[PDB]
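Colleague: Contents are mmCIF, C-alpha atoms; file name target.cif:
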```cif
data_data
#
loop_
_atom_site.label_atom_id
_atom_site.label_comp_id
_atom_site.auth_asym_id
_atom_site.auth_seq_id
_atom_site.Cartn_x
_atom_site.Cartn_y
_atom_site.Cartn_z
CA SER A 2 -13.98 -9.15 10.79
CA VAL A 3 -10.22 -9.36 10.95
CA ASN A 4 -9.34 -12.89 12.11
CA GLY A 5 -7.43 -11.34 15.05
CA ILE A 6 -5.31 -9.08 12.81
CA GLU A 7 -5.84 -5.52 14.06
CA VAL A 8 -3.68 -3.94 11.34
CA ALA A 9 -6.14 -5.32 8.75
CA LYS A 10 -8.72 -2.71 9.85
CA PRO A 11 -7.14 0.40 8.28
CA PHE A 12 -6.49 -1.60 5.06
CA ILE A 13 -10.04 -2.83 4.75
CA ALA A 14 -11.42 0.65 5.45
CA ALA A 15 -8.97 2.27 2.98
CA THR A 16 -9.62 -0.31 0.27
CA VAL A 17 -13.41 0.02 0.49
CA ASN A 18 -13.27 3.85 0.64
CA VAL A 19 -10.92 4.20 -2.29
CA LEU A 20 -12.62 1.71 -4.61
CA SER A 21 -16.10 3.02 -3.73
CA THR A 22 -15.19 6.69 -4.21
CA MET A 23 -12.86 6.42 -7.21
CA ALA A 24 -14.49 3.55 -9.12
CA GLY A 25 -18.02 3.03 -7.79
CA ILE A 26 -16.99 -0.50 -6.70
CA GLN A 27 -17.79 -1.88 -3.25
CA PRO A 28 -15.15 -4.60 -2.67
CA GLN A 29 -15.90 -7.42 -0.22
CA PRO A 30 -12.99 -8.47 2.00
CA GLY A 31 -12.30 -12.12 2.75
CA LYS A 32 -10.37 -13.34 5.79
CA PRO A 33 -7.22 -11.49 6.71
CA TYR A 34 -4.21 -13.68 7.49
CA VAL A 35 -0.45 -13.47 8.07
CA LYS A 36 2.15 -15.79 6.58
CA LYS A 37 5.94 -15.91 6.31
CA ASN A 38 7.00 -15.52 2.66
CA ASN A 39 3.41 -15.05 1.47
CA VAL A 40 3.21 -14.61 -2.30
CA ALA A 41 0.50 -12.78 -4.26
CA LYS A 42 -0.12 -13.91 -7.85
CA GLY A 43 -2.04 -11.94 -10.42
CA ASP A 44 -2.02 -9.95 -13.64
CA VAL A 45 -1.63 -6.28 -12.64
CA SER A 46 -0.11 -5.15 -9.36
CA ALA A 47 1.24 -2.09 -7.69
CA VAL A 48 3.92 -1.93 -4.98
CA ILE A 49 4.66 0.93 -2.56
CA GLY A 50 7.56 0.98 -0.11
CA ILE A 51 6.89 2.29 3.39
CA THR A 52 9.49 3.66 5.80
CA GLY A 53 9.88 4.92 9.36
CA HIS A 54 10.90 3.33 12.65
CA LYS A 55 9.66 0.13 10.91
CA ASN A 56 10.08 -0.45 7.13
CA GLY A 57 8.13 -2.54 4.68
CA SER A 58 5.69 -2.64 1.82
CA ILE A 59 2.10 -2.24 0.70
CA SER A 60 0.93 -3.95 -2.47
CA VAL A 61 -2.32 -4.62 -4.39
CA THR A 62 -2.51 -7.46 -6.95
CA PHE A 63 -5.45 -7.76 -9.30
CA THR A 64 -6.78 -10.38 -11.68
CA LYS A 65 -7.02 -9.02 -15.20
CA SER A 66 -10.84 -8.97 -15.26
CA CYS A 67 -10.89 -7.18 -11.91
CA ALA A 68 -8.43 -4.49 -13.11
CA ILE A 69 -10.29 -3.93 -16.40
CA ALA A 70 -13.52 -3.30 -14.50
CA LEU A 71 -11.73 -1.05 -12.06
CA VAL A 72 -10.36 1.11 -14.86
CA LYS A 73 -13.75 1.31 -16.55
CA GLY A 74 -15.33 2.38 -13.24
CA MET A 75 -12.67 5.08 -12.71
CA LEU A 76 -12.43 6.54 -16.18
CA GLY A 77 -15.69 5.62 -17.90
CA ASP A 78 -16.09 3.81 -21.22
CA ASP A 79 -14.38 6.71 -23.02
CA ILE A 80 -10.91 5.13 -22.66
CA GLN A 81 -8.62 4.67 -25.67
CA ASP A 82 -5.21 3.95 -24.06
CA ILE A 83 -6.17 0.98 -21.94
CA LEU A 84 -2.50 0.10 -21.18
CA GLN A 85 -1.34 3.43 -19.75
CA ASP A 86 -4.75 3.96 -18.18
CA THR A 87 -4.65 0.63 -16.37
CA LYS A 88 -1.16 1.56 -15.07
CA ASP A 89 -2.13 5.05 -13.93
CA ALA A 90 -5.41 3.82 -12.41
CA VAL A 91 -3.88 0.86 -10.49
CA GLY A 92 -1.05 3.17 -9.37
CA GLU A 93 -3.49 5.85 -8.20
CA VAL A 94 -5.73 3.41 -6.37
CA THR A 95 -2.71 1.89 -4.63
CA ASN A 96 -1.33 5.30 -3.74
CA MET A 97 -4.66 6.28 -2.06
CA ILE A 98 -4.98 2.95 -0.25
CA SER A 99 -1.45 3.56 1.03
CA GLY A 100 -2.35 7.13 2.05
CA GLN A 101 -5.52 6.28 3.93
CA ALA A 102 -4.17 3.08 5.47
CA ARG A 103 -1.07 4.89 6.72
CA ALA A 104 -3.32 7.61 8.19
CA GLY A 105 -5.15 4.85 10.08
CA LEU A 106 -1.92 3.06 11.11
CA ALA A 107 -0.57 6.40 12.45
CA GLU A 108 -3.71 6.69 14.65
CA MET A 109 -2.84 3.19 15.93
CA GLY A 110 0.68 4.40 16.80
CA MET A 111 2.62 3.31 13.73
CA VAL A 112 3.90 6.15 11.58
CA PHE A 113 4.99 5.32 8.03
CA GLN A 114 6.00 7.43 5.08
CA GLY A 115 5.11 6.04 1.64
CA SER A 116 6.81 6.02 -1.75
CA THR A 117 5.21 6.49 -5.14
CA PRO A 118 3.86 3.28 -6.69
CA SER A 119 5.47 0.87 -9.16
CA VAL A 120 3.05 -0.94 -11.45
CA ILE A 121 3.75 -4.50 -12.51
CA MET A 122 2.13 -6.12 -15.51
CA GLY A 123 2.38 -9.65 -16.82
CA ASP A 124 -0.21 -12.41 -16.62
CA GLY A 125 0.37 -14.67 -13.63
CA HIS A 126 3.28 -12.71 -12.20
CA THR A 127 4.11 -12.99 -8.48
CA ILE A 128 4.85 -10.40 -5.82
CA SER A 129 7.11 -11.58 -3.01
CA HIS A 130 7.94 -9.12 -0.30
CA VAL A 131 11.38 -9.96 1.16
CA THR A 132 11.16 -9.37 4.88
CA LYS A 133 11.94 -11.12 8.17
CA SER A 134 8.34 -10.57 9.26
CA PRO A 135 5.20 -12.47 8.30
CA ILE A 136 3.23 -10.72 5.58
CA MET A 137 -0.47 -9.71 5.97
CA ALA A 138 -2.74 -10.52 3.04
CA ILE A 139 -6.44 -9.73 2.55
CA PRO A 140 -8.27 -11.05 -0.47
CA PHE A 141 -11.13 -8.93 -1.86
CA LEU A 142 -13.91 -9.85 -4.27
CA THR A 143 -15.71 -7.62 -6.75
CA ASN A 144 -18.36 -8.50 -9.33
CA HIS A 145 -15.56 -8.81 -11.90
CA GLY A 146 -12.92 -10.78 -10.02
CA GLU A 147 -10.47 -10.78 -7.15
CA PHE A 148 -7.59 -8.71 -5.83
CA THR A 149 -5.24 -9.09 -2.85
CA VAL A 150 -3.92 -6.37 -0.57
CA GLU A 151 -0.64 -7.08 1.28
CA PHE A 152 1.25 -5.22 4.03
CA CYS A 153 4.41 -5.99 5.95
CA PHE A 154 6.97 -4.26 8.11
CA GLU A 155 10.09 -5.14 10.10
CA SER B 2 30.39 8.01 -18.26
CA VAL B 3 26.94 9.23 -17.37
CA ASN B 4 25.49 10.92 -20.47
CA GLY B 5 25.04 14.11 -18.39
CA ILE B 6 23.06 12.34 -15.64
CA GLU B 7 24.90 13.04 -12.38
CA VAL B 8 22.57 10.88 -10.26
CA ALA B 9 23.68 7.86 -12.33
CA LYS B 10 27.07 7.95 -10.58
CA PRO B 11 26.03 6.58 -7.16
CA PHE B 12 23.94 3.88 -8.92
CA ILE B 13 26.76 2.72 -11.14
CA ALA B 14 29.19 2.67 -8.21
CA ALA B 15 26.67 0.83 -5.97
CA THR B 16 25.77 -1.69 -8.66
CA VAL B 17 29.39 -2.56 -9.45
CA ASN B 18 30.36 -2.75 -5.75
CA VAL B 19 27.45 -4.93 -4.76
CA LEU B 20 27.64 -7.38 -7.66
CA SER B 21 31.45 -7.63 -7.42
CA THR B 22 31.48 -8.19 -3.65
CA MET B 23 28.40 -10.39 -3.27
CA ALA B 24 28.54 -12.39 -6.51
CA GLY B 25 32.01 -12.04 -8.02
CA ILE B 26 30.41 -10.38 -11.08
CA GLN B 27 31.77 -7.17 -12.59
CA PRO B 28 28.77 -5.62 -14.41
CA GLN B 29 29.40 -3.21 -17.31
CA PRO B 30 27.10 -0.18 -17.43
CA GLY B 31 25.67 1.08 -20.71
CA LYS B 32 24.46 4.64 -21.27
CA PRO B 33 22.36 6.21 -18.57
CA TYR B 34 19.22 8.00 -19.77
CA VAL B 35 16.01 9.57 -18.47
CA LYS B 36 12.55 9.09 -19.94
CA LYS B 37 8.97 9.89 -18.95
CA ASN B 38 7.04 6.65 -18.31
CA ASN B 39 10.11 4.48 -18.93
CA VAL B 40 9.31 0.78 -18.61
CA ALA B 41 11.72 -2.02 -17.67
CA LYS B 42 10.93 -5.52 -18.98
CA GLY B 43 12.48 -8.69 -17.68
CA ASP B 44 12.07 -11.96 -15.82
CA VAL B 45 13.02 -11.25 -12.18
CA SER B 46 12.90 -7.81 -10.62
CA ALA B 47 13.00 -6.13 -7.28
CA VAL B 48 11.39 -2.81 -6.31
CA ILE B 49 12.20 -0.56 -3.33
CA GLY B 50 10.28 2.57 -2.40
CA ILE B 51 12.28 5.60 -1.31
CA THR B 52 10.99 8.49 0.80
CA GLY B 53 12.02 11.89 2.15
CA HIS B 54 11.61 15.47 0.97
CA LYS B 55 11.35 13.77 -2.47
CA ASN B 56 9.70 10.33 -2.95
CA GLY B 57 10.19 7.65 -5.54
CA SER B 58 11.55 4.25 -6.39
CA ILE B 59 14.63 2.15 -7.07
CA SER B 60 14.30 -1.04 -9.09
CA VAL B 61 16.52 -3.71 -10.69
CA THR B 62 15.16 -5.94 -13.50
CA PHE B 63 17.08 -8.98 -14.67
CA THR B 64 16.88 -11.36 -17.60
CA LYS B 65 16.44 -14.92 -16.41
CA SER B 66 19.93 -16.04 -17.48
CA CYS B 67 21.46 -13.03 -15.75
CA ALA B 68 19.59 -13.76 -12.47
CA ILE B 69 20.50 -17.47 -12.51
CA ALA B 70 24.18 -16.61 -12.84
CA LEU B 71 23.88 -13.99 -10.13
CA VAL B 72 22.40 -16.50 -7.70
CA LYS B 73 25.07 -19.08 -8.51
CA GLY B 74 27.78 -16.45 -7.91
CA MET B 75 26.24 -15.47 -4.56
CA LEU B 76 25.41 -18.86 -3.12
CA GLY B 77 27.64 -21.32 -4.98
CA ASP B 78 26.53 -24.43 -6.87
CA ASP B 79 25.25 -25.95 -3.61
CA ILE B 80 21.74 -24.50 -4.11
CA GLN B 81 18.63 -26.70 -3.91
CA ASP B 82 15.79 -24.14 -3.58
CA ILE B 83 16.46 -22.09 -6.68
CA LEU B 84 13.08 -20.27 -6.44
CA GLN B 85 13.35 -18.91 -2.90
CA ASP B 86 17.09 -18.39 -3.37
CA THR B 87 16.61 -16.32 -6.50
CA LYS B 88 14.05 -14.20 -4.58
CA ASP B 89 16.24 -13.71 -1.51
CA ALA B 90 19.34 -13.05 -3.62
CA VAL B 91 17.68 -10.50 -5.98
CA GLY B 92 16.06 -8.87 -2.94
CA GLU B 93 19.38 -8.69 -1.07
CA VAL B 94 21.29 -7.33 -4.05
CA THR B 95 18.62 -4.68 -4.59
CA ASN B 96 18.55 -3.77 -0.91
CA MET B 97 22.36 -3.18 -0.94
CA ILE B 98 22.26 -1.22 -4.19
CA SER B 99 19.58 0.92 -2.56
CA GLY B 100 21.69 1.30 0.60
CA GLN B 101 24.91 2.31 -1.11
CA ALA B 102 23.23 4.46 -3.76
CA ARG B 103 21.26 6.34 -1.11
CA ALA B 104 24.51 6.86 0.85
CA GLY B 105 25.97 8.42 -2.30
CA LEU B 106 22.81 10.48 -3.06
CA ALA B 107 22.90 11.81 0.55
CA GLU B 108 26.50 13.02 -0.07
CA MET B 109 25.11 14.82 -3.15
CA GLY B 110 22.48 16.51 -0.95
CA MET B 111 19.50 14.21 -1.46
CA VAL B 112 18.49 12.23 1.61
CA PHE B 113 16.22 9.23 1.09
CA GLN B 114 15.02 6.48 3.36
CA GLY B 115 14.44 3.08 1.74
CA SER B 116 11.88 0.32 2.18
CA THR B 117 12.48 -3.42 2.12
CA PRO B 118 12.38 -4.96 -1.36
CA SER B 119 9.52 -6.65 -3.22
CA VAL B 120 10.56 -9.34 -5.69
CA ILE B 121 8.63 -9.81 -8.91
CA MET B 122 8.78 -12.97 -10.96
CA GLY B 123 7.19 -13.82 -14.28
CA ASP B 124 8.85 -14.07 -17.67
CA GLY B 125 8.58 -10.83 -19.63
CA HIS B 126 6.87 -8.85 -16.89
CA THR B 127 7.12 -5.04 -16.87
CA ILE B 128 7.94 -2.54 -14.14
CA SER B 129 6.37 0.89 -14.58
CA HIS B 130 7.08 3.47 -11.94
CA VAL B 131 4.13 5.90 -11.73
CA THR B 132 5.59 9.34 -11.19
CA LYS B 133 5.35 12.87 -12.59
CA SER B 134 9.12 12.86 -13.11
CA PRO B 135 11.18 11.26 -15.86
CA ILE B 136 12.68 7.94 -14.79
CA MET B 137 16.46 7.19 -14.90
CA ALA B 138 17.45 3.84 -16.38
CA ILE B 139 20.91 2.27 -16.71
CA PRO B 140 21.34 -0.99 -18.55
CA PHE B 141 24.13 -3.32 -17.36
CA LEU B 142 25.72 -6.30 -19.10
CA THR B 143 27.26 -9.39 -17.52
CA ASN B 144 28.69 -12.50 -19.16
CA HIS B 145 25.28 -14.15 -18.67
CA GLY B 146 22.88 -11.44 -19.76
CA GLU B 147 21.47 -8.01 -19.01
CA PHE B 148 19.79 -6.15 -16.17
CA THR B 149 18.41 -2.62 -15.81
CA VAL B 150 18.63 -0.34 -12.79
CA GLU B 151 15.96 2.41 -12.49
CA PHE B 152 15.56 5.39 -10.13
CA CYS B 153 13.02 8.17 -9.92
CA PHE B 154 11.78 10.78 -7.49
CA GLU B 155 9.26 13.63 -7.40
#
```
Re-express the file's structure as structure tokens.
Modeller:
Amino acid sequence: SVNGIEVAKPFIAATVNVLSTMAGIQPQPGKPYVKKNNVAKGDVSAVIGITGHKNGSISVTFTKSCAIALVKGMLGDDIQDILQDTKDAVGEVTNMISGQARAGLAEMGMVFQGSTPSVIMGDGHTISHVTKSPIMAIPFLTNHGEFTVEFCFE
Amino acid sequence: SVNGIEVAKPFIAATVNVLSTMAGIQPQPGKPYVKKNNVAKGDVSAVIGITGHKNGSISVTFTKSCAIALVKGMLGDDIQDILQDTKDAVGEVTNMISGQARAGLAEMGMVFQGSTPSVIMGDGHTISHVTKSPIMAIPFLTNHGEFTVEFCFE
């Protein structure tokens, strides 16, 4: 269910595949939507820049409880460096969501290259993509909290 | 002066040109350096993903006082929406630093495409590029505070 937003499909598929395979977490998407100057607010995020004929961004923003559970699912309970691990894990998950979503977008006729991820930490920080276009956001729920996937291009 | 880091040159030139022309601010670079898992900490940042044969990131992270003065220099004292203005201004400055630096890097034989910027807000947030390569950082000073420019590719 994509609320009329066809580009949400590759993101939902990518997000579910990556979290299920890498972390054993089956995330539940909420309603996709588009909004000018949409802002995501959370505790740990990652941002990837995408380029091509059209240019933009992909980001994933997690609540702290959601990210902690993600990292535990990915690495196990044998984790000593929670800080660097949370960074590397969120970065890796975002990188694979970008990879699989862009594979799907390319099948839909939109070819994008992707950068490496930048991880943002800080409780209650905001991510604001600066673009002329509306920004797509899809909230997801897990048993341990929420995260939001965003995508835009111009 | 680049502390043996040749890629710092296009960033210093870009940073000084953009701040001088757009804001009337002449920023003073400190010592460029490279470090694995370097982290930038600040109050307002922007991140751009870069792509090509090599892939990575460009970011600029400002202290709050530095960003406020930047926005005043760019827009004047007739500014009512300081929040959206700070976002658009930091995004624009970062986009032009990316543009001019990449023009310089391409002259040095490294061709990168750049994404649109993502603005991060939150006092004391951190930016952690996730890459196998060391990350270049260059601190800059202005009369109203500090900001750090980062660049990496793999």
Colleague: Find the residues near stretch 136-153 of chain B: any atom within 7 Å, counting all atoms listed in the file, skip ones fewer than 6 places away on the same chain, and give them as a list in words.
Modeller: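 Close residues of stretch 136-153 of chain B: residues 28, 29, 30, 31, 32, 33, 34, 35, 36, 37, 38, 39, 41, 57, 58, 59, 60, 61, 62, 63, 64, 66, 67 and 70 of chain B.
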Colleague: With a distance threshold of 8 Å and counting only C-alpha atoms, extract the residues of chain B near chain A and express them as a ChimeraX atom specification.
Modeller: /B:48-52,56-58,88-89,92,114-132
Colleague: Need to verify the contact set: residue A:106, 8 Å, all atoms listed in the file, exclusion of same-chain residues closer than 6 positions in sequence. Can you return it as a list in words?
Modeller: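 Once the nearby chain positions are removed, what remains is residues 8, 11, 112 and 113 of chain A.
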Colleague: Could you tell me which residues the PyMOL selection byres ((chain A and resi 19-23) around 7) returns for this structure, as a PDB file with C-alpha atoms, keeping the file's coordinate frame?
Modeller:
```pdb
ATOM      1  CA  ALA A  15      -8.970   2.270   2.980  1.00  0.00           C
ATOM      2  CA  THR A  16      -9.620  -0.310   0.270  1.00  0.00           C
ATOM      3  CA  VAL A  17     -13.410   0.020   0.490  1.00  0.00           C
ATOM      4  CA  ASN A  18     -13.270   3.850   0.640  1.00  0.00           C
ATOM      5  CA  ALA A  24     -14.490   3.550  -9.120  1.00  0.00           C
ATOM      6  CA  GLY A  25     -18.020   3.030  -7.790  1.00  0.00           C
ATOM      7  CA  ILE A  26     -16.990  -0.500  -6.700  1.00  0.00           C
ATOM      8  CA  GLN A  27     -17.790  -1.880  -3.250  1.00  0.00           C
ATOM      9  CA  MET A  75     -12.670   5.080 -12.710  1.00  0.00           C
ATOM     10  CA  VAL A  94      -5.730   3.410  -6.370  1.00  0.00           C
ATOM     11  CA  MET A  97      -4.660   6.280  -2.060  1.00  0.00           C
ATOM     12  CA  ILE A  98      -4.980   2.950  -0.250  1.00  0.00           C
TER      13      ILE A  98
END
```
Colleague: When the PyMOL selection byres ((chain B and resi 73) around 10) is applied to the file above, which residues end up in the set, as a PyMOL selection string?
Modeller: chain B and resi 24-25+68-72+74-80+83+86-87+90
Colleague: Using all atoms listed in the file, find the one residue out of B:13, B:81, B:4, B:54 that sits nearest to residue B:107.
Modeller: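 Once distances to residue B:107 are computed over all atoms listed in the file, the minimum belongs to B:54.
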Colleague: Rounded to one decimal place, report the atom CA of residue B:65-atom CA of residue A:84 distance in Å.
Modeller: 24.6 Å
Colleague: Using Å and a single decimal, report how far atom CA of residue A:6 sits from atom CA of residue A:100.
Modeller: 19.7 Å
Colleague: Quick one: distance from atom CA of residue B:105 to atom CA of residue B:5 in Å, one decimal?
Modeller: 17.1 Å
